[PDB]
Amino acid sequence: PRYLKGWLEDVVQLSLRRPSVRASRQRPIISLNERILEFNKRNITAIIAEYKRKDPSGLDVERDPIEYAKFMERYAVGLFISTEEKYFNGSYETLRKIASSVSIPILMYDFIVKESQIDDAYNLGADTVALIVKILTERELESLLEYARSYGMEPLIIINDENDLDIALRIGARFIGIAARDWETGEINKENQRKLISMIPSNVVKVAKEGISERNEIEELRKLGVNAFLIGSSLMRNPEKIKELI
């Protein structure tokens, strides 16, 4: 990984020693980027719902993951399931349970820094993973993108700035998540998010990664080329909100 500081350095060290799972996938790969494009073609707003029990911001919620997943199966284009343990209170077993219970695409969200975590995602039933430019060397990022593609996954490459986007495009990313609120500092910047979105090629599937909460804001971003919307804490608080958003 890159050399990092603070909690990001911490979570990377934790991820390096994460024990891998042994499990046979008993679930097809259900592609998230493909389903997003299907929703666009049908003019249905494509919301990716997060399940996370905690986050470094101060989210702290208990709710049944299966009930949440089964509810979201009716409305969401896909699910984003946190499996990081220390800051997001996630687990591999929760991912497994959710994946066995619904037939919409699932993205395993974690701090992926080694191949066995992608093995884990596949074996547990996730349909794809996120890779975070800012924690990986370019070589690693390229290698892990190819490794995820070898499973038939198209990973979501998360960018935070123009430097990240340069790297993402150079390694041939076709599915990019654009972070609004900085995930480290917590500083919101919708202006920078829009500027980044405007610099992405039209043949990339674009996910506005958090930073949204209302219907009007979706429509504006939609016009700017955003294909799907990742929404987290507000749906963990009030799942039925997704109905209004779509």
Output the qualifying pairs, or none if there are none: Cβ atoms under 6 angstrom, residues six or more apart or on different chains, first residue in the stretch 121-136 and over 16 Å from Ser101 (Cα atoms), second residue charged (D, E, K, R) and surrounded by 23 or more Cβ atoms within 10 Å (Cβ to Cβ).
none
Residues being under 21 Å from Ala121 (Cα atoms) and charged (D, E, K, R) - total across the stretch 140-171
5
For the stretch 141-157, name all the residues that are of a type in the set (A, V, I, L, M, F, W, C) and either over 13 Å from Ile30 (Cα atoms) or surrounded by fewer than 22 Cβ atoms within 10 Å (Cβ to Cβ) (or both).
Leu141, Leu144, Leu145, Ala148, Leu156, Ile157
For the stretch 97-118, what are the residues that are closer than 22 Å to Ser31 by Cβ, in contact (Cβ under 8 Å) with a residue 40 or more places away in the chain and surrounded by fewer than 19 Cβ atoms within 10 Å (Cβ to Cβ)?
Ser100, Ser103
What number of residues in the stretch 14-42 are farther than 18 Å from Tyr92 by Cα, of a type in the set (A, V, I, L, M, F, W, C) and part of a helix (DSSP H, G or I)?
4
Provide a single number: the residues in the stretch 124-140 that are out of contact with any strand residue (DSSP E or B) (no Cβ under 9 Å at 6 or more places or on another chain) and crowded, with 20+ Cβ neighbours inside 10 Å.
2
Working only within the stretch 49-66, note down all residues that are in a strand (DSSP E or B) and surrounded by fewer than 17 Cβ atoms within 10 Å (Cβ to Cβ).
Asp60
Select, from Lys54, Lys41, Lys5, the only residue that is more than 18 Å from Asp110 (Cα to Cα) and either free of Cβ contacts under 8 Å to residues at least 40 places away in the same chain or aromatic (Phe, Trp, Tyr) (or both).
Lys41
Filter the stretch 80-92 down to residues that are of a type in the set (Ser, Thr, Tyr) and not in a helix (DSSP H, G or I) and give me whichever is surrounded by the most Cβ atoms within 10 Å (Cβ to Cβ).
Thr83
Kindly list, by first and then second residue, each pair from a residue in the stretch 183-202 that is over 17 Å from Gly172 (Cα atoms) to a residue that is of a type in the set (D, E, K, R), limited to pairs with Cβ atoms under 6 Å and residues at least 6 apart or on different chains.
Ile188/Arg181
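No lab work stands behind these numbers, since they all come straight from the coordinates. Here Cβ is always computed from backbone atoms with ideal geometry, including for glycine, and neighbour counts include all displayed protein chains.
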